[PDB]
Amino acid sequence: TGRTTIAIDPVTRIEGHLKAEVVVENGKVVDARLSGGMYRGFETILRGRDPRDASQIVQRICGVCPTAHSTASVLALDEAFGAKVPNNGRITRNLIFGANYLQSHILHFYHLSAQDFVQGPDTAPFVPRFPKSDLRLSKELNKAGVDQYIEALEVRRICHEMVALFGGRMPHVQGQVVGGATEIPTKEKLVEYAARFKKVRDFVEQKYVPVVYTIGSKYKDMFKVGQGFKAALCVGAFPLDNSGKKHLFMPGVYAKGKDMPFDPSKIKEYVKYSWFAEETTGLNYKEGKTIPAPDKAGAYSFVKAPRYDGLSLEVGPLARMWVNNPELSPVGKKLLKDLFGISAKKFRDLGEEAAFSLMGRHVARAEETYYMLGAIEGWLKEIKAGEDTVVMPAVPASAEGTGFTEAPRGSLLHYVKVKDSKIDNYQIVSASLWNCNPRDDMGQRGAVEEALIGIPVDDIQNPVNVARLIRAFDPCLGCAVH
């Protein structure tokens, strides 16, 4: 067959506003363009404010991942202010933020992704849908998917109770500020956090990780597509001591089959195909500028195009798990053997092709959720009830700082420059920015644009795999554009 061009706007069961347009020839995607169609401009809204306000304002980029922005912002402010966060505050922050990794991954798999594979009950918002939706599960396994979707609504809510115990509320925590965390954990509230955590652990171990491998085993073809550049970024997250040198996820870049170090000075944001003034193209974030140009010819997105030493990279659970290569979960090892005939001990034992795939990204996210359980358990042993979690630093007249972390969807940094005790510049380079960006000034596609190449579309009237691929990356276009 020849060409069909398919536009999907809105792409649903993601966060935020995304259009995807693909060119299909002879049953496969041969080109793609992703458009982030909504802009707010946090980087300009922030200018002129008390810098401390940033750790509230920036959360409103994203109600799914506000703890990530909170974290990046307070780390940036800590550095700019010379705030020395007490050890117990570092741990408390990790408990606040770690709980939202659990929430976000569970939300993503069940409430956003699972309907790609599972038919929900016969009422909105589960119908109508494509007449040929390629829903392959047995009646029993489909029902398990629905039952777990419903249970997961309660589990993700409990994860937000965990966040709120020391974070104040969620979405949009009050409990992280420059200098640490605003509420010392009490013995009683640590009991409450642990009790909720146990319920979440049981759900992750018994339902979520097994269902991803089990559904994956019915969609083995989905490990064979969606590779894209096979290139990944991790900037580090969840500091494990006060040195700034040791993190749960360590930084690294992977591209063209090679591991390389991460040097943030090699990040540049291009705008040829983005709705920003041409003169702002190619800037590192320390010199970043955000000048909207919604009528600029040729542009197709409000997402800038970040490149790392010229490379187009992806971010997220796959990126972190590939870069760090942890041991696989016990249940993952078992199900890989039983359901796939794969012998594996560490994440990379999946191999590059299967890891960097549509279904591999879902597997990576489930594995990472399991991995986070151990981290949280460790923090619950390490935390000291009653020990102070904050310092109260004076606002500097002139300073700069950068905070680096990993949001649930991938690498996140915030840069702040303070002048006359106010925000002079604030630049954000976020996770879905790395994934869902348009072409750069040389015409090289963004990570998801490239991962769309080769996606099968055997039925143009039911082109379900286009958005299935996109959903594997857990896009958050609020974050991508800000």
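Residue positions are given as counts along the sequence shown, with the first one as 1.
If you average the CA temperature factors over each stretch, which comes out higher, 136-144 or 157-165?
Mean B over CA atoms: larger for 136-144.
Average Cα temperature factor in the PDB entry - higher stretch of 118-126, 169-177
Between 169-177 and 118-126, it is 118-126.
Residue with highest C-alpha B-factor in the PDB entry, from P294, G410, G360, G98:
So the option with the highest C-alpha B-factor is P294.
With respect to the C-alpha temperature factors reported in the PDB entry, which of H105, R93, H111, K220 ranks highest?
That would be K220.
Within this chain, which third does the Cα B-factor at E449 fall in: lowest, middle or highest?
Its C-alpha B-factor, which the entry lists for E449, ranks in the lowest third among residues of this chain.
Relative C-alpha B-factor of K246, binned into the chain's lowest, middle or highest third:
For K246, whose C-alpha B-factor we compare with every modelled residue in the chain, the answer is the highest third.
Ranked by Cα temperature factor within the chain, is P326 in the lowest third, the middle third or the highest third?
As the PDB entry reports it, the C-alpha B-factor of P326 lands in the highest third of its chain.
By its CA B factor, does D474 count among the lowest, middle or highest third of the modelled residues in the chain?
According to the entry, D474 has a C-alpha B-factor in the chain's lowest third.
Of the three thirds of its chain by CA temperature factor, lowest, middle or highest, which one includes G27?
Its C-alpha B-factor belongs to the highest third of this chain's values.
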